[PDB]
Amino acid sequence: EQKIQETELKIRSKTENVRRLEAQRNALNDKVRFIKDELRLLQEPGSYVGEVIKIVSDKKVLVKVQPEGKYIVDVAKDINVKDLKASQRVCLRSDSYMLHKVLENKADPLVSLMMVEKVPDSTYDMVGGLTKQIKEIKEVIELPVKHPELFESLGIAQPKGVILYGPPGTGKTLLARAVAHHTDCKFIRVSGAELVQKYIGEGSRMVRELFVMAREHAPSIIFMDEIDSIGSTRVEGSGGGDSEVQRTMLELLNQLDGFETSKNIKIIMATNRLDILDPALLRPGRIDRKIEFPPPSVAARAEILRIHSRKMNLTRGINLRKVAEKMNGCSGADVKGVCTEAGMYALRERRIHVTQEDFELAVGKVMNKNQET
Amino acid sequence: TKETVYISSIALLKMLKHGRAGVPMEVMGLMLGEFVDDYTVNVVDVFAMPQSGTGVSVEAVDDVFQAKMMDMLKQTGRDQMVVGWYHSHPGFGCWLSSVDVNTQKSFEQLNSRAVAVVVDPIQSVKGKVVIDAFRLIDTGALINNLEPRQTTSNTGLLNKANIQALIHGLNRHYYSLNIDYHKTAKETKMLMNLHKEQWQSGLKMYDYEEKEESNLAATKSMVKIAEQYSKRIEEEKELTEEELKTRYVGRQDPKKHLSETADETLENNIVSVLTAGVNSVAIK
Amino acid sequence: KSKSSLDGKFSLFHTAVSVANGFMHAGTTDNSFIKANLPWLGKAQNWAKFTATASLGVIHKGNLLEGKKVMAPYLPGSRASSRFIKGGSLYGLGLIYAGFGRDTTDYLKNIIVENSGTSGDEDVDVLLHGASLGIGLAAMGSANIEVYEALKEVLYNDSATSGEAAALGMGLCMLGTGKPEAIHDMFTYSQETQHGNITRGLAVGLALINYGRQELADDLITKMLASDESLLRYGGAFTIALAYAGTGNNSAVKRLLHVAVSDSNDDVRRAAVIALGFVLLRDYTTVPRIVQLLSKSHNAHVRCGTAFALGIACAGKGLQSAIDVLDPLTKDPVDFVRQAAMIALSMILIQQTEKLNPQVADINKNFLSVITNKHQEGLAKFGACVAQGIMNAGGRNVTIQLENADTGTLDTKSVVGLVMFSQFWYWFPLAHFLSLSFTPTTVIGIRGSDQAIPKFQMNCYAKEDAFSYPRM
Amino acid sequence: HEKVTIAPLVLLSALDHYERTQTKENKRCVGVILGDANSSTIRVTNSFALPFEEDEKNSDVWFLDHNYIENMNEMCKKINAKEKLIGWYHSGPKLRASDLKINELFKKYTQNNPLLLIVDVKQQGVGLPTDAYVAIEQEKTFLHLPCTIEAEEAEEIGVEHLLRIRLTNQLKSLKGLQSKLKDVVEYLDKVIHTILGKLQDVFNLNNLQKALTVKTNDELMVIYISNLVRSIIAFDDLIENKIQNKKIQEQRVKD
């Protein structure tokens, strides 16, 4: 009986050779499913984007088309006609001119510097260093946006808009990203130059895009440009540019609280004077607060120099308080240059560290360098 | 019943080439053959027809030109009865012919076996080779001869049939499109010796010899730099994930340079070993 | 609820419900579908009246006395409502009297001689179509030189309708060793006369003439494999299927495997995978394992052929796991793949209800679901009709028995009927030939002398089946 | 010299015309090619067969009808205006008095030199069933021209739908050497010098090859460098499978 058993042992040995077929078959099915997915996707009739308007008792829904116009289609088998509401983004096939699929609901119009990001990279240690600077940000921003129940428990409205004050060279542009980073909020940069075009209807709808985007994206932080007079990014508005669009823009700013009634929307604005803009902006719903950046005093500027000394390379014996007393009223922009010029002499010394003697020549330089012209 | 058209390799290339001039321009031709109804259908030879002021239409058929051709087509024995016509149009979702609508009704009176063929792609062919024909059913498809007994019929499920704009009724009266190609004994050996995938023959001894070893002037020239190209391709993707985890968010990155430099190396070795492998017998 | 769905879809809906219903009454002689229901008969087309008439042949099969009286009004000399339906009456006598039709053999060949001269109409060949198929079944298993010569003159006429009937009629008389001279003669006529309904019937006829010859048929197999004709390669698989059936052979496996791969014809690849099941009829345990390897492919006809080929050997055998192999084929968007899948499921699931196979609940729901739903495929719901008709065939009783211990060898009538099912929408449904494989399951002692059929009781261990029937 | 490019549709239609006329071996078929001969590369965009009758036993017996040429040429003007007669083709391997005298007959309707083509209906040996031949005088001398098969974009794609490396070149290269061995033997028995003059000229084309031995090893050196890269191809597959093996061992644990 051993002749059959010993011969059967070869079958068990060849059984492991059958295992090589499963490796080739699975690798072959990956190529079959790949080409099979190609043939279906080789001929694409194309599909545009449209918004649902209203529903009809005939089981056909009206969808507005941006390049063309409102057109009624037939709903699919997996799409409910009653579940379609107003301003609902859905997919419509361009061949049969019928409803295809349903997309996700969010505001995504033409984006020029309008892209909503998440936790940009900034910290309070770099552009900070003042006690009142961080203290004013907490109550005006962090409290209403992160914990809206604080003001609702007291029966008072939460602050929405804010105006920044201070000497030139604050640097609040980089601080605006630190606000959204530590509060776990999305950052929104608004540029009035890209929202104004000469084509008919662009002076309105482009601002309406910001009006509609803030509804669903409300748990975020909005930062506006072109109005900043405080020395970070200095524009101070446009004479002819803001002489028209201001009626289509600043009007929708107050509509958020009055009409949309959306909370957790922090409008960060800044300027040293109100001239070109609406003199009525001081009313609630537009400007809810005024924050003033303290000037670079002795105690405030001394801690600013300690900020750059951490990322830079300094030697022993350097007095960080004495160097701050050698200069006068250096803002965040001037401190960076004194530190940059201090590293400039280190390159001529062929040294990776900035000697204390370089700081003595940096104070007598940058102070006289900025005074010229 | 209906008719199943069987276009050979000779008729398909001729009817196509006649309508390959221009996207907007339309032309027409005549099909000839000898067959019987009740399924089977053949096409012997075709020739293009002149274009009139109406372009493709029923009045565009010249009885003077058609009679002169049938006398000239008798010399080789290819003269047969008129089996239909073929036209050329850019194509649409329904009624690919922008002019002909009822013209087939006048064609059915002359010959009940006549059809109207329209080439949709017009040099757009991706390799599918999809052509459209037409036949007038008039009153039918109710208590009569049953057409959909042959091949690929009774279509129209939901809204998707063929182009998907036709659905059930197709062009007119559900003509039940059926098309099949065949190759005879002479067409089998001729095409494989002319065009199968790409024709390299007649160079057969120099086929891969001249294209590679004799093309070394600039082809693989500076193989040391060619090997440097494979280095930069591998070093780029291999640097991505060395931890076998999710870092740069990639999947096939290690397999991208694997398949690219594998075929290049396979070609580098075969050409190099066959340089002295031809054995031209140089001696001294 | 199945046959009341719609009156359209030409005959493909009417053929599905007529062929399926004819299986349920098979052997019980119940005409209620034709008689008691008027409208479903009138909605049929011309060639569609063949199924309505031939359905009675499956129903009345086994009647050697009144079987002729069922077709009496449609017999020649009584005329008929038309000449399309008259041809089905002569075929109905072929299903009932097959092998017993020596009396009808002289009766059916006289009609062929009358129409052997020529044909002026299309319905004339329809009368000859059903006559040639009826005499082929009546003379099936017996070599007759008169039937071979009578059908040979029909082949010379090159009929587009009865051309296949003459080839199938001669092949059933040549079953077994056959006539070696008829092998090369019918093979020569296939090369000389090129026709779809003819050469395809000749290719199947050249498969039937070689039965159990094994290596003796290799001379004809080599000529078909070397030729590039699509129809000659189609009959080459069935020639390998019939000769190499029964005891398995690895030489026939290597032939059917290389053809289903190298050749790009979907119809030939489908014929090669179906021909493999006829060789594997002995061992049904390895059949699903091979189908699982062929279940994943880019071609629909390859998966469609393996579907029905799986149910051939697994019909009356065990290994219920073949149902899970056919599950992904049920979800295939291809229309004809789901049709052959429902038929293959109907063969294995016979008498599998009542806590035997847990999958009987999903197959019973798909009967009414696919037919009433318009989102499914046309051929999918048309195959679900016969699928419900095969499990309920003969009144839930009859089963498909092929290569069992009772017969002891390959059943000739059962293997030929399954080959005809492989051709459905290519020309016209041949499913009426399947009635040869349906036999009832009964245990009775009768007597030791003559016919009795008494009534007694056993009371031994058995599963609960006969008292479990489809409910409302 | 010049070049000749023949489309596959011309040769496919020319072979079936031989069957349509039921021409046996005792007769041969003759036809006309159409195209543009103005450029250096002669291209045939159209062809049609002619009812050519010939006796094989008598080289002085031939039948060529010129009336069908004038009518067919006028009919093609309403089809394609860019197609003109560039010459004439013919069947059969042999060139006899029938094909040589008719070469000047088509010259009346052909502006440039008529292109001669020997069409093999049986397709005997190698490739190229039809060879390109040009007529030139010094006795009629027919010189061979390079014959390439090239079609349009949709023409090559349309044929692929109808039909839908190292060892290959070596087997095809050895057949060329075997054809040369029989070429010198068949020519030697015919004489007992013009072709041998061109053969002995290209035969000569390790004093100077002493430094040419290293170049063989220099290419073999890169082959191993390539095999080093070729080995890296499977070195990643060596790593790729362990990427699964770490997930494979985490399966039984979850079960």
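In this view, residue numbering begins from 1 on each chain in the order the sequence is written and may differ from the entry, while residues that lack coordinates are not shown. To read the labels, note that chains go from A and ligands from 1, taken in the order they are written. All reported values concern the displayed chains, which form part of a larger assembly. Hydrogen atoms and water are omitted, and side-chain values are computed over all heavy atoms in the structure.

The deposited coordinates for this entry were obtained by cryo-EM, with a reported resolution of 7 Å.

Describing a nonpolar patch on the surface
All names here are of chain C. A grouping of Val443, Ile444, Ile453, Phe456 and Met458 is seen on the molecular surface, where their side chains present a nonpolar patch of about 540 Å² in accessible area. A helix here means a DSSP run of H or I that spans at least four residues, while a strand means a run of E at least two residues long, and both kinds are numbered starting from the N terminus. Structurally, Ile453 can be placed in the segment after strand 2 (438-439). Throughout, exposure labels follow a simple rule: accessible area from a 1.4 Å probe, protein chains only, divided by the maximum for the residue type, with under 20% read as buried, over 50% as exposed, and the rest as partly exposed. Owing to a relative accessible area of 65%, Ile453 belongs among the exposed residues under this scheme. Here a patch means residues that are over 30% exposed by relative accessible area and free of salt bridges, tied together within 9 Å if like-charged and within 5 Å if nonpolar (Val, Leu, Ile, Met, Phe, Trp, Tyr). All accessible-area figures derive from a Shrake-Rupley calculation using a 1.4 Å probe, and residue coverage is judged against the displayed protein chains alone. A carboxyl oxygen of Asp or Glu within 4 Å of a side-chain nitrogen of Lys or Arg is what we treat as a salt bridge.

Looking at the interface of chain B and chain D
Here, residues are in contact when the closest pair of their heavy atoms is within 4.5 Å. Contact residues are listed per partner, giving 70 residues for chain B and 66 residues for chain D. Once two parts are brought into contact, the accessible area they lose, counted with a 1.4 Å probe and summed over both, makes up the buried area. Summing both sides of the interface, chain B and chain D together bury roughly 6800 Å²; the carbon and sulfur share of this comes to 68%. For the interface between chain B and chain D, the tally reads three salt bridges. For B:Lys255, the salt bridge identified is with D:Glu240, shortest N-O distance 3.5 Å. By the criterion applied in these results, polar contacts are pairs of N or O atoms within 3.5 Å in which, for protein atoms, one can donate a hydrogen and the other can accept it, and in which residues neighboring in sequence qualify only through two side-chain atoms. Counting across the chain B and chain D interface gives 12 residue pairs in polar contact. Taken together, the elements giving at least two residues each to the side of chain B that touches chain D come down to helix 1 (9-18), strand 3 (45-49), helix 2 (63-72), helix 4 (185-194), helix 5 (207-213), helix 6 (223-238) and helix 7 (253-273) of chain B. For the side of chain B that touches chain D, the leading source of residues is helix 7 of chain B, giving 12 residues. The class makeup of the residues in the side of chain B that touches chain D is 31 nonpolar, 16 polar and 23 charged. Under the scheme applied here, ten amino acids are nonpolar (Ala, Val, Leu, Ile, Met, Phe, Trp, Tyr, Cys and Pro), four are charged (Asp, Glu, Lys and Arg), and all others, including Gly, are polar.

Describing the sheet that holds strand 2 (residues 28-32) of chain B
Residue and element names in this part refer to chain B. Should DSSP find at least two bridges between two strands, the strands are taken to pair. With mixed pairing, the five strands of this open sheet are ordered in space as 3-2-4-5-6. If you trace the sheet from one side to the other, it starts and ends with strand 3 and strand 6 (131-132), each paired once. Two strands pair when backbone bridges link them, and strand 2 and strand 4 (residues 82-88) are joined in this way by five bridges, in the antiparallel orientation. Of the residues in strand 4, the one forming a bridge with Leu32 is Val82. The angle between two axes is taken between their N-to-C directions and runs from 0 to 180 degrees, where each axis is a line fitted to C-alpha atoms and a helix contributes only its stretch in contact. Against the sheet, helix 2 contacts strand 2, strand 3 and strand 4, and its axis sits at roughly 150° relative to strand 3.

Side note on the packing of helix 9 (residues 332-348) of chain A against helix 10 (residues 356-371) of chain A
All names here are of chain A. Look at helix 9 against helix 10: their axes get within 9 Å of each other, and the N-to-C directions meet at 130°. In this view, helix 9 runs oblique relative to helix 10, as classed from their interaxial angle. By crossing handedness, the relation of helix 9 to helix 10 is classed as right-handed. Together, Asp334, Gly337, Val338, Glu341, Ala342, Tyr345 and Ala346 of helix 9 and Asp358, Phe359, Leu361, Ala362, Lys365, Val366 and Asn370 of helix 10 make up the contact between the two elements. Any angle that is under 35 degrees is reported as roughly parallel, and any over 145 degrees as roughly antiparallel; angles of 65 to 115 degrees are reported as roughly perpendicular and all others as oblique. A clockwise turn of the near helix away from the far one marks a right-handed crossing, whereas an anticlockwise turn of less than a right angle marks a left-handed crossing.

Let's talk about the environment of B:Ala48
Topologically, B:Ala48 is positioned in strand 3. Among the residues examined, B:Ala48 registers a relative accessible area of 8% and is labelled buried. Apart from the residues within four sequence positions on either side, B:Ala48 is in contact with B:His18, B:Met28, B:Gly29, B:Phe65, B:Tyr86 and D:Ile79.

Looking at the pattern of salt bridges
One pass over the structure, following the stated rule, counts 43 salt bridges over all chains. Two residues, B:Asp38 and B:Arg149, come together in a salt bridge whose shortest N-O distance is 2.9 Å. Of this pair, B:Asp38 sits in the loop between strand 2 and strand 3 while B:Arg149 sits in the loop between strand 6 and strand 7 (179-182); the two residues are 111 residues apart in sequence, bridging distant segments of the chain. Classification of B:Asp38 as buried rests on a relative accessible area of 14%. Look at B:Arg149 and you get buried, because its relative accessible area is 8%. The closest approach of N and O atoms between D:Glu74 and D:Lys77, which form a salt bridge, is 2.7 Å. Highlighted residues: D:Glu74 and D:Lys77, both in helix 2 (residues 67-77), separated by three residues, approximately one helical turn.

Quick word on the UniProt feature "binding site: ATP" in chain A
Residue and element names in this part refer to chain A. UniProt positions are given in the numbering used here, feature names are shortened, and annotations may be inferred rather than shown by experiment. The positions that UniProt labels "binding site: ATP" are, in the present scheme, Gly166, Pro167, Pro168, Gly169, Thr170, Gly171, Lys172 and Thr173. With sequence-adjacent residues up to four places away left out, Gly169 is seen in contact with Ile230, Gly231, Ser331, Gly332 and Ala333. With respect to the helices and strands, the residue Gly171 is situated in the loop between strand 7 (161-165) and helix 4 (172-182).

Some thoughts on the pairing of strand 5 (residues 98-102) of chain A
Walk down a regular strand and you will see the side chains alternate between the two sheet faces. All names here are of chain A. Note that strand 4 (residues 88-93) and strand 5 share four bridges and pair antiparallel. Along strand 5, the bridge assignment pairs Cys91 with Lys101. Linking strand 4 back to strand 5 in an antiparallel pair, the connection comprises four residues, with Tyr97 at a positive phi of about 55°.

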